[PDB]
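Protein chains in written order, with the deposited numbering: chain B9, 63 to 100; chain Bf, 72 to 142; chain BE, 88 to 348; chain Bx, 35 to 196; chain Bp, 2 to 98; chain BN, 2 to 178.
Cβ atoms here follow ideal geometry from the backbone N, Cα and C, with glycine treated the same way.
Just below is one structure, and these are the notes that go with it.
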Amino acid sequence: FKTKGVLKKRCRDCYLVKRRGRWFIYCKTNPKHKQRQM
Amino acid sequence: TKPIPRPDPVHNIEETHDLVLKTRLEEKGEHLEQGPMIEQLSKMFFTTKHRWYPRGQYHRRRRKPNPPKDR
Amino acid sequence: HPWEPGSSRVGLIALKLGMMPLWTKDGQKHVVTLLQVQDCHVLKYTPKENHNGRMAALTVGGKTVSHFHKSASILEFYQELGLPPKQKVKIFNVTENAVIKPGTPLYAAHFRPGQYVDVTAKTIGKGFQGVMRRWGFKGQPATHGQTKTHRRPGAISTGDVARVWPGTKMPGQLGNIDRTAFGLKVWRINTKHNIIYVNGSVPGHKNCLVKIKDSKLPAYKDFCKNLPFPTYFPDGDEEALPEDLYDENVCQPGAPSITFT
Amino acid sequence: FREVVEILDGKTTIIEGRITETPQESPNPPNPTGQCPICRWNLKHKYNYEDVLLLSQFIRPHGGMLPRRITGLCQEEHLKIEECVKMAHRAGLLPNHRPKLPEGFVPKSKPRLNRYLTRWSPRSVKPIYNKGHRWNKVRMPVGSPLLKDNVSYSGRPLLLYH
Amino acid sequence: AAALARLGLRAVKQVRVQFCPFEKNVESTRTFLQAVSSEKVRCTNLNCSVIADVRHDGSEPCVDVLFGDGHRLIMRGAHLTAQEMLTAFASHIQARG
Amino acid sequence: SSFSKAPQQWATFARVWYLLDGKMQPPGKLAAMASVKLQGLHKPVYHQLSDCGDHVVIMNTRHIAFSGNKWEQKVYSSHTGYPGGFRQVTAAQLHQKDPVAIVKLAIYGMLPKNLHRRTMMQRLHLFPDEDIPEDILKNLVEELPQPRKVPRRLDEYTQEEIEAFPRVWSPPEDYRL
RNA sequence: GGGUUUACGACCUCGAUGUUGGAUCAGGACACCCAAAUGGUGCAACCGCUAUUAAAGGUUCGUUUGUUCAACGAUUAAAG
RNA sequence: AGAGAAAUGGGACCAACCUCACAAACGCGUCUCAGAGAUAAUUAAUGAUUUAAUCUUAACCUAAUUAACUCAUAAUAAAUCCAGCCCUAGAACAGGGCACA
Ligand SMILES: [Mg+2]
Ligand SMILES: [Mg+2]
Ligand SMILES: [Mg+2]
Ligand SMILES: [Mg+2]
Ligand SMILES: [Mg+2]
Ligand SMILES: [Mg+2]
Ligand SMILES: [Mg+2]
Ligand SMILES: [Mg+2]
Ligand SMILES: [Mg+2]
Ligand SMILES: [Mg+2]
Ligand SMILES: [Mg+2]
Ligand SMILES: [Mg+2]
Ligand SMILES: [Mg+2]
Ligand SMILES: [Mg+2]
Ligand SMILES: [Mg+2]
Ligand SMILES: [Mg+2]
Ligand SMILES: [Mg+2]
Ligand SMILES: [Mg+2]
Ligand SMILES: [Mg+2]
Ligand SMILES: [Mg+2]
Ligand SMILES: [Mg+2]
Ligand SMILES: [Zn+2]
Ligand SMILES: [Zn+2]
Numbered sequence: 063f064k065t066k067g068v069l070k071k072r073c074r075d076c077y078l079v080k081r082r083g084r085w086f087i088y089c090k091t092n093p094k095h096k097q098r099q100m
Numbered sequence: 072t073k074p075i076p077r078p079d080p081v082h083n084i085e086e087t088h089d090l091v092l093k094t095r096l097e098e099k100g101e102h103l104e105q106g107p108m109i110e111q112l113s114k115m116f117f118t119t120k121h122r123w124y125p126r127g128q129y130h131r132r133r134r135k136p137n138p139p140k141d142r
Numbered sequence: 088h089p090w091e092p093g094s095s096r097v098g099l100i101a102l103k104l105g106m107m108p109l110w111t112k113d114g115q116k117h118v119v120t121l122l123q124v125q126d127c128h129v130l131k132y133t134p135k136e137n138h139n140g141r142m143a144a145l146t147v148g149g150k151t152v153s154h155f156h157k158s159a160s161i162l163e164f165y166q167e168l169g170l171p172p173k174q175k176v177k178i179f180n181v182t183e184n185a186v187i188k189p190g191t192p193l194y195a196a197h198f199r200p201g202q203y204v205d206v207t208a209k210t211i212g213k214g215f216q217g218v219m220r221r222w223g224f225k226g227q228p229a230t231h232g233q234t235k236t237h238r239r240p241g242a243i244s245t246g247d248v249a250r251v252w253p254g255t256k257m258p259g260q261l262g263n264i265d266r267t268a269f270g271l272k273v274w275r276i277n278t279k280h281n282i283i284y285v286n287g288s289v290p291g292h293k294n295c296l297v298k299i300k301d302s303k304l305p306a307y308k309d310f311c312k313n314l315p316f317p318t319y320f321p322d323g324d325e326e327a328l329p330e331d332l333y334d335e336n337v338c339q340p341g342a343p344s345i346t347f348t
Numbered sequence: 035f036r037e038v039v040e041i042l043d044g045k046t047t048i049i050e051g052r053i054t055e056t057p058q059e060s061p062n063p064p065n066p067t068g069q070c071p072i073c074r075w076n077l078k079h080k081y082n083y084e085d086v087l088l089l090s091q092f093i094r095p096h097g098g099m100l101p102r103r104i105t106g107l108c109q110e111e112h113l114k115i116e117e118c119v120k121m122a123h124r125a126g127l128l129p130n131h132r133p134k135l136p137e138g139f140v141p142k143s144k145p146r147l148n149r150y151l152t153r154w155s156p157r158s159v160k161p162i163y164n165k166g167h168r169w170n171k172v173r174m175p176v177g178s179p180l181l182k183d184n185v186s187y188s189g190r191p192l193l194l195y196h
Numbered sequence: 002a003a004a005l006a007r008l009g010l011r012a013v014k015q016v017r018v019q020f021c022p023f024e025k026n027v028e029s030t031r032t033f034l035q036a037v038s039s040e041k042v043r044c045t046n047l048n049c050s051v052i053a054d055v056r057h058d059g060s061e062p063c064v065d066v067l068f069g070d071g072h073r074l075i076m077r078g079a080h081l082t083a084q085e086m087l088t089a090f091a092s093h094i095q096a097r098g
Numbered sequence: 002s003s004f005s006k007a008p009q010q011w012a013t014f015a016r017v018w019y020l021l022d023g024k025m026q027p028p029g030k031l032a033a034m035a036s037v038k039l040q041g042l043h044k045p046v047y048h049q050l051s052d053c054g055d056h057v058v059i060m061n062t063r064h065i066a067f068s069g070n071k072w073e074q075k076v077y078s079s080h081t082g083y084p085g086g087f088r089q090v091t092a093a094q095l096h097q098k099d100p101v102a103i104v105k106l107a108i109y110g111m112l113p114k115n116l117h118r119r120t121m122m123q124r125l126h127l128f129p130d131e132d133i134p135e136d137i138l139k140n141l142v143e144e145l146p147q148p149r150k151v152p153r154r155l156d157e158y159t160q161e162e163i164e165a166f167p168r169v170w171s172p173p174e175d176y177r178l
């Protein structure tokens, strides 16, 4: 996971979900694309 | 309105000696310490324990003996 | 009442005699303390709702003392009970199924060889002692120039706080306080003289009263199943127990001088 | 309303669709000229989290929201109704709109805390430990900001943050 | 059709869709037929047999799927959505297959 | 009107016991009227030097209701004085530990900040549920109205009112709920 | 965004706020060294690198230098 | 995952050794050290707004889950006799003994 202030997709498989009061860019193909809005 | 309740029961009456039965309900007494006495008074009158304590000479001298009265 | 898994048992009030060694069959050596159950009587019983709302309370008295030094209320209580006055009066929190009628004596056979107990007593009161003996603070060097500081506690707080914190360790009273040791194993039970051999150090000076109870540790919470649930009744079994109830590992005084093989 | 019925008869599954009767709209609307349902029933700036009879018209039996393309509401009022449904569900209204679980209804838990006019989710907010001073105050939000245009008979603005 | 392509439809024997093109509820039926007759479903398994029965007075579209677990899934889809039929068929063949 | 001086004074400065239900009620709106009745700001004979104060019995304390997400956001911080003894308890945790403490602290804060706060607090009675002793129940005079109107549930509406409330939209039959 | 070094201004004290290092005592913050739960790795495993949450507890013994620092010896789970 | 051993620190004591020319004090010597909930980050179960999927500032129940922090549990928890003499109790004040001998 990478904590960032501005999230953005890196491939066409990353999906943005609203969880725990924050935004999460989750990617199943490349797990290194996991982003979390701080 | 609702009727006036009246409760009258003198269980201290003995069939042996009424002169003793009358005093059986009158000779009741109880003496406690300062702490428990203040606590009971506060529990009865719904106040704190800081009021029941006495005051000093400096305050008991400066009280006006004959305060004015209206009406 | 029958024994229950969530049940507890009443304790005793013994007299700490002294210390002794005790060798185990494996060659090891432990240190036991002798607790003599002189007189244990159930003075009064307070109901659960009247004491705690969860567990009932039993009042236990210690050894016998003189009537010529107790007040009017205590003497009146002991007169209405029918027993001589006791020195130390303790309270034991037991369940509602292990209640006993007040006025019943208790015997040191209440516990069996092999069990864990807890011991409560007032430790040896050393009086108003310094900080090095109270909390264990280190002192300053002895002779490198220190002037009138060989045992001072030093700084007690910081600067910006402009006060000392309530939890600051300082010299004061030391020793005279009720302490409790948990998980002391009992090895030997003497029935004739009512002596209990408790392993380890027992808080409290010798010839003092000591409150013994079942170990409330979570590892020994369900050990009261094989023991007599209410108490030890010598009249119920119609059989005299041996003089000394030894544990399954205690090297008894009469031994064949075991050797390894 | 359409229902999917499944029948198990000897390793043979029969899935069928059954159409039942659904109630229609009332005959006389107060403002038939409006295109949106609420905007034509003149309930705009009138409903609230308390009005359950209005919110219960379009919600799935399992508390789910109904799609806008099937409902027909304008976007703003649809968002407002979604907020109101969330707030009612959190407050404890709509008791008959929860999924039935006979295995999970047995292990009872701590009692449900009585709440109302809640904005966020009960399991996604961290408590304020600093709480701020008077000039920089961490205000506690209550109610949805989308309903700030409701009619105020008292005239005072609705405190969305306290 | 991507779902049935990635679900591994090798474990089916026969799939027949019986319908009448001159009815008023054949949209979902023909959608399901095309989704199961797509090229990816064919390349997933070649041993399966896909049949499309066309009638004129049947008035009752149906889908019969016989697969080698001794199983016969019959779905009389006349008002069900094509997506609902597809997901139900997929769940059933994934549970028993 | 023509009373003797002693009974007139007694009736004028008598104390009154009020009842207050707290089920589904906001603690702020409860403590408002609670502090009012405690300070005695409901009597035209009120004065600061005089001890005109009334008792309030609040029931259904455990069933209190907070507005918004304050149940999880609001904290109650205390300190035992000792270093590191600074505890911050969430509102929900404090309510679970002691149900009375919430409304107790609310009223203790709404009351004035003088020494009479303890005096008028000793006159307060808070009960978690409807378990009031008889010697306290027989003191009640009247019950104050609830400050917040409790909203009905869906099953609490009658079928006649349900059918009276008109249907807004006409759902199509082909859809599946 | 913070006010931890230097400097900047001289607002409070020059009819006194006694100035570095050590001994004792530590309190607090997390921008976490270990111990705890995890994500990602050009993570094969042991060793590693970063990110998240977490402060109830610890963070050594010696030679030299007055030394804070600094180099070295031996360790620890670590010598913040 | 399963068995043990040790140290630190909290709390205690002299059976033995050690200091020990007072009967005690002491360590270098000996004994004990714990059950439940909760979570922050992070995973999965059903499921709509978005008739698919999706851990949900969508509800309802779900589960493995850091440390704190509380609670089970334990410690005190019988009040109005105290002249004098002792105490392993103590600055004074307090506390426990003075019937078996
Ligand atoms: Mg002493
Ligand atoms: Mg020294
Ligand atoms: Mg000198
Ligand atoms: Mg000098
Ligand atoms: Mg000297
Ligand atoms: Mg200050
Ligand atoms: Mg500074
Ligand atoms: Mg500058
Ligand atoms: Mg100045
Ligand atoms: Mg100066
Ligand atoms: Mg001066
Ligand atoms: Mg510190
Ligand atoms: Mg942090
Ligand atoms: Mg670590
Ligand atoms: Mg620390
Ligand atoms: Mg130790
Ligand atoms: Mg010595
Ligand atoms: Mg779905
Ligand atoms: Mg998935
Ligand atoms: Mg407790
Ligand atoms: Mg005495
Ligand atoms: Zn990606
Ligand atoms: Zn509209």
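_So with CB distances below 8 Å, who are the chain BN contacts of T119 (chain Bf)?_
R119, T120 and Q123
*Which partner residues does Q260 (chain BE) have in the DSSP bridge list?*
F215 (chain BE)
*Quick one, which of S5 (chain BN), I103 (chain BN), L155 (chain BN) and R177 (chain BN) has its alpha-carbon nearest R142 (chain Bf)'s?*
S5 (chain BN)
*To which residues does DSSP link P175 (chain Bx) through a beta bridge?*
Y195 (chain Bx)
*Could you pull out every residue in the same chain whose Cβ sits closer than 8 Å to the Cβ of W154 (chain Bx), ignoring the five residues on either side in sequence?*
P175
*Do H43 (chain BN) and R16 (chain BN) have their C-beta atoms closer together than 9 Å?*
no
*For my contact list, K131 (chain BE) and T120 (chain BE) are in at a C-beta cut-off of 8 Å; report their separation, rounded to the angstrom.*
Not quite, the Cβ-Cβ distance comes to about 29 Å (not below 8 Å), so this is no contact.
_When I94 (chain Bp), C63 (chain Bp), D58 (chain Bp) and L8 (chain Bp) are compared against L34 (chain Bp), the one with the closest alpha-carbon_ = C63 (chain Bp)
*Is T62 (chain BN) buried or exposed, if buried means 16 or more other CB atoms sit within 10 Å of its CB?*
buried
*At a Cβ threshold of 9 Å, is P100 (chain BN) touching chain BE?*
no
*asked:* Quick check on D301 (chain BE): buried or exposed, where buried means 16 or more other Cβ atoms within 10 Å of its Cβ?
replied: buried
_Using a Cβ-Cβ cutoff of less than 7 Å, which residues in the same chain neighbour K71 (chain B9) once the five nearest sequence positions on both sides are dropped?_
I87
*Which stretch, first to last residue, makes up the alpha helix (DSSP H) that contains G106 (chain Bf)?*
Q105 to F116
_Let me confirm a value: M34 (chain BN) is counted as buried when at least 16 other C-beta atoms fall within 10 Å, else exposed. Which label applies?_
buried
*Cβ-based neighbour list, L96 (chain Bf), same chain, cut-off 6 Å, excluding 5 preceding and 5 following*: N83
*Which chain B9 residues sit within Cβ distance under 7 Å of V159 (chain Bx)?*
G83
_Could you pull the DSSP bridge partners for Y307 (chain BE) from this structure?_
Its beta-bridge partners do not exist; DSSP assigns none.
*Which residues count as close to ligand 3 when the rule is a CB under 7 Å from any of its heavy atoms, in chain order?*
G232 (chain BE) and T234 (chain BE)
*Answer with buried or exposed for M106 (chain BE), where buried requires no fewer than 16 other C-beta atoms within 10 angstroms of its C-beta.*
exposed
_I72 (chain Bx) CB to nearest heavy atom of ligand 23 below 8 Å_ = yes
*Just by C-beta distance, which residues in the stretch 39-57 of chain Bx are closer than 9 Å to chain BN?*
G51, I53, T54, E55, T56 and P57
*Own chain partners of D75 (chain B9) with C-beta closer than 7 Å, once the 5 adjacent residues on each side are dropped*: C89, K90 and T91
*Hey, is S178 (chain Bx)'s beta-carbon within less than 9 Å of any beta-carbon in chain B9?*
no
*Note down, in chain order, each residue of its chain lying with its Cβ closer than 8 Å to the Cβ of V76 (chain BN), except the 5 sequence neighbours on either side.*
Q89, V90, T91 and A92
*Please confirm whether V97 (chain BE) and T348 (chain BE) have their CB atoms less than 9 Å apart.*
no
*If the cut is a Cβ gap below 9 Å, which residues of chain BN does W252 (chain BE) touch?*
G82, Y83 and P84
*Residue closest to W110 (chain BE), alpha-carbon to alpha-carbon, out of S344 (chain BE), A342 (chain BE) and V337 (chain BE)*: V337 (chain BE)
_Residues near residue 1 (chain Bp) by beta carbon distance below 7 Å, same chain, minus five either side_ = Here chain Bp has residues from 2 to 98 only, and residue 1 (chain Bp) is not among them.
*Give the single residue among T278 (chain BE), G287 (chain BE) and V124 (chain BE) whose Cα lies nearest to the Cα of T151 (chain BE).*
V124 (chain BE)
_Exposure of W274 (chain BE), with buried meaning 16 or more beta-carbon neighbours within 10 Å_ = buried
*CB of residue 80 (chain BE) to nearest heavy atom of ligand 1: below 8 Å?*
There is simply no residue 80 (chain BE) to check, as chain BE begins at 88 and stops at 348 in what is shown.
*Identify whether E161 (chain BN) lies in helix, strand or coil by the three-state DSSP scheme.*
helix
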